[PDB]
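Chemist: Handing you a structure now.
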Amino acid sequence: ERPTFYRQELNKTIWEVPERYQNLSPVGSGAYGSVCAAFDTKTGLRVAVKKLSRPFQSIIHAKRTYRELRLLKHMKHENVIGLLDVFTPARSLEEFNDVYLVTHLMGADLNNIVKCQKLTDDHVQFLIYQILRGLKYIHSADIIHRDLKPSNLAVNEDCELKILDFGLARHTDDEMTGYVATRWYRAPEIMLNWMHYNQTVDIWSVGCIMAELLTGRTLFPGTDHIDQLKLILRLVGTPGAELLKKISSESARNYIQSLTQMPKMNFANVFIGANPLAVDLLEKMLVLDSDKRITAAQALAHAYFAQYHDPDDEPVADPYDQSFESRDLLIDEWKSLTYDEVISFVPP
Ligand SMILES: O=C1NCc2c(-c3ccc(F)cc3F)cc(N3CCNCC3)cc2N1c1c(Cl)cccc1Cl
């Protein structure tokens with residue numbers, strides 16, 4: 001009793017989808033795949049349909065696709081990108097080679113919103129609240145986003161926020177080189193591989209975002225990895241003895257000690273006019289030592305968010321088994337595991 005599919009050429013590739021999806025209009029492409037906007041006649045919703053390109057071309061790719069689908073199926077939260085539907089036009093595992101993921105249509109990311117709009121302290125309050133609320137949910141399931149940026153944050157007419165880009169292929173060395181927004185929001189420990197990063201890498205990204213919404217300027221627009229580290233240490237001060245020991249990369253630890261020591265700056269003189277409560281939260285977020293960095297849960301209980309905070313409406317996730325991350329399998333096995341996931345999908 002599987003739906004009947006109809007084919008059509010879109011984005012140079014042939015799209016085969018269930019009849020419920022009508023008026024497919026391409027709205028972007030890339031190496032990630034191909035995305036289309038469409039009307040879902042079953043729910044009446046406006047949705048975004050993503051078709052993955054050669055999802056099983058290599059073991060690395062087969063695993064990536066499995067990882068993305070697992071993540072997307074686990075996410076059931078208001079501020080996190082959920083999955084509305086997932087399908088393949090294949091009737092058997094042998095035919096299986098195309099995977100389509102359906103989700104809400106948000107329309108724009110944080111870069112758009114900020115551009116043609118002036119964010120008040122209440123605007124910033126509300127937007128960051130939602131990010132934190134979604135990160136509390138992500139982190140409680142031991143999931144790390146690793147790449148929060150304004151472009152991974154979707155916002156709609158009602159300023160409702162959703163976190164995107166999970167299990168997406170890591171950025172190449174050529175992608176994080178130079179004067180690029182793909183590196184300005186990263187935590188230093190992972191920009192320069194000082195140690196094994198933990199979930200607080202995300203909190204650092206949030207602070208960079210919050211400061212940008214508050215000042216309307218990139219907090220650390222480095223022209224390269226070094227220049228960016230310098231801008232970072234200028235604001236939060238050079239590392240202390242404690243942090244240094246934690247840096248595994250002895251060449252890294254050796255480079256830091258070469259820079260002239262510098263004290264943390266006064267955030268009230270950096271963020272002039274800003275709500276003193278925002279400044280306080282920024283100081284507890286932009287801490288060099290990730291061990292002393294504020295957690296998403298703790299941040300939600302911070303006075304700056306009093307107007308929205310509600311401990312009974314900030315849900316955690318169910319357990320997310322990612323033992324598969326250390327599992328060594330062949331393409332066909334990753335693929336077979338991806339197939340089971342597609343066919344066991346249960347609409348929300
Ligand atoms: O509104 C949405 N909805 C979904 C959506 C997905 C997506 C994620 C998971 C999935 F299962 C299927 C998807 F389609 C992926 C991207 N990117 C495209 C590739 N790079 C990352 C964002 C953008 C969007 N946008 C979006 C759009 Cl259509 C325009 C502007 C801003 C946003 Cl946030």
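Residues in the structure tokens are numbered from 1 in each chain, the chains being A, B, ... in the order shown, and ligands are numbered from 1 in the order shown.
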Once you count only C-alpha atoms and all ligand atoms, which residues end up within 10 Å of ligand 1, and could you hand them over as a PyMOL selection string?
Modeler: chain A and resi 26-37+46-52+68-69+71-73+81-86+100-112+150-156+161-166+168
Chemist: Can you list, as a list in words, every protein, DNA or RNA residue that comes within 8 Å of residue 300 (chain A) when you count only C-alpha atoms, leaving out same-chain residues fewer than 2 positions away?
Modeler: residues 129, 132, 133, 296, 297, 298, 302, 305 and 309 of chain A
Chemist: Those selected residues, please, written with C-alpha atoms and delivered as a PDB file, in the first residue's frame.
Modeler:
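For reference, selection_24.pdb as written:
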```pdb
ATOM      1  CA  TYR A 129      16.663  31.484  24.127  1.00  0.00           C
ATOM      2  CA  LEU A 132      19.825  27.355  23.942  1.00  0.00           C
ATOM      3  CA  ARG A 133      16.521  25.481  24.369  1.00  0.00           C
ATOM      4  CA  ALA A 296      23.033  25.274  27.818  1.00  0.00           C
ATOM      5  CA  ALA A 297      20.861  24.101  30.723  1.00  0.00           C
ATOM      6  CA  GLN A 298      22.592  26.550  33.126  1.00  0.00           C
ATOM      7  CA  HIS A 302      20.209  32.850  33.648  1.00  0.00           C
ATOM      8  CA  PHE A 305      16.146  34.933  29.923  1.00  0.00           C
ATOM      9  CA  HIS A 309      12.606  30.752  30.997  1.00  0.00           C
TER      10      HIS A 309
END
```
Chemist: Take CA of residue 145 (chain A) and CA of residue 205 (chain A) and report the distance between them in Å, one decimal.
Modeler: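 Pair CA of residue 145 (chain A) / CA of residue 205 (chain A) returns 10.1 Å.
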Chemist: Using only C-alpha atoms, find each residue of region 134-239 of chain A with at least one atom at most 8 Å away from an atom of region 254-264 of chain A; report its shortest atom-to-atom pair and that distance in Å (one decimal), sort the rows by chain and rising residue number, and return the result as CSV.
Modeler:
```
residue,atom,partner,partner_atom,distance
A:233,CA,A:262,CA,7.3
A:234,CA,A:262,CA,6.7
A:235,CA,A:264,CA,5.8
A:236,CA,A:264,CA,4.3
A:237,CA,A:264,CA,4.0
A:238,CA,A:262,CA,5.3
A:239,CA,A:256,CA,7.8
```
Chemist: Which residues are close to residue 77 (chain A), i.e. within 9 Å by only C-alpha atoms, leaving aside same-chain residues fewer than 5 positions away? Reply as a PyMOL selection string.
Modeler: chain A and resi 82+134+137+162+315-317
Chemist: Restricting the output to C-alpha atoms, write the selected residues as a compact mmCIF listing (two decimals), in the first residue's frame.
Modeler:
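As a result, result-v5.txt now contains:
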```txt
# COMPACT_ATOMS: atom_id res chain seq x y z
CA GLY A 82 12.54 17.63 12.75
CA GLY A 134 17.31 23.35 21.32
CA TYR A 137 17.83 19.02 23.99
CA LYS A 162 15.02 25.84 14.38
CA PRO A 315 12.56 19.22 27.40
CA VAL A 316 15.49 16.81 27.14
CA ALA A 317 15.82 14.03 24.58
```
Chemist: Restricting the calculation to only C-alpha atoms, which member of A:285, A:232, A:144, A:10 is positioned closest to residue 184 (chain A)?
Modeler: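 Of all the options, A:232 lies closest to residue 184 (chain A).
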Chemist: With only C-alpha atoms as the atoms that count, which of A:17, A:135, A:287, A:274 lies nearest to residue 88 (chain A)?
Modeler: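 The answer is A:17, which sits nearest to residue 88 (chain A).
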